[PDB]
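Line order of the protein sequences matches chains Y and S. full-length UniProt numbering numbers the first residue of the first sequence as 50 and each following residue consecutively. full-length UniProt numbering numbers the first residue of the second sequence as 50 and each following residue consecutively. Heads up, the beta-carbon is just placed ideally off N, CA and C, and yes, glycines get one too. Here's the structure, in structure tokens; my notes come after.
Protein chains: 2
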Amino acid sequence: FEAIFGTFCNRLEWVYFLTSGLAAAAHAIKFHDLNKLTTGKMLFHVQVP
Amino acid sequence: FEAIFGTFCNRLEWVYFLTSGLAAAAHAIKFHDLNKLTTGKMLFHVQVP
């Protein structure tokens with residue numbers, strides 16, 4: 050037998066979130082149990098000057 | 050390689066002029082070149098019982 054060859058291509062432009070400057074806007078947090086949560090909240094207390 | 054396929058090409062079957070059973074009728078004589086043998090005649094000596 051004799052094969053009919055093709056050709057793979059593999060190189061890609063790898064990109065990372067922390068390497069990007071878009072991460073400067075974000076405060077990344079890896080919370081493994083995230084699917085369990087429904088809705089977070091953050092109360093803010095402010096007396097008037 | 051997407052696929053494979055076979056190929057083949059046989060050698061021709063051997064035959065020899067002497068191996069043949071027709072060669073028993075023959076009395077072949079190897080010779081360098083039919084050049085000096087100009088005469089077409091050939092003598093023979095027949096004994097008689």
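Please tell me whether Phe66(S) and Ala72(S) are closer than 8 Å, where the distance is taken between their beta carbons.
If you number the second sequence from 1, residue 66(S) lands on position 17. If you number the second sequence from 1, residue 72(S) lands on position 23. Yes, Cβ-Cβ distance for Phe66(S) and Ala72(S) is below 8 Å.
Are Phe57(S) and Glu51(Y) touching if we call contact CB-CB under 8 Å?
For the purposes of this step, residue 57(S) is taken as residue 8 along the second sequence, with counting starting at 1. For the purposes of this step, residue 51(Y) is taken as residue 2 along the first sequence, with counting starting at 1. Taking 8 Å as the Cβ cut-off, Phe57(S) and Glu51(Y) do not qualify as a contacting pair.
Which class does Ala73(Y) belong to by DSSP, given the choice of helix, strand or coil?
Start at 1 with the first residue of the first sequence, and residue 73(Y) comes out as number 24. Helix at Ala73(Y).
If we ignore side chains and look at the alpha-carbon of each, how far apart do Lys85(S) and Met91(S) end up?
Here residue 85(S) refers to the residue found at position 36 when the second sequence is read from its first residue. Here residue 91(S) refers to the residue found at position 42 when the second sequence is read from its first residue. So the alpha carbons of these two residues sit roughly 14 Å apart.
Could you name the residues of the segment 50-63 of chain S whose beta carbon sits closer than 8 Å to any beta carbon of chain Y, in the order they occur along the chain?
So the list reads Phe50, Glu51, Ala52, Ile53, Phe54, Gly55 and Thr56, given in the order they occur along the chain.
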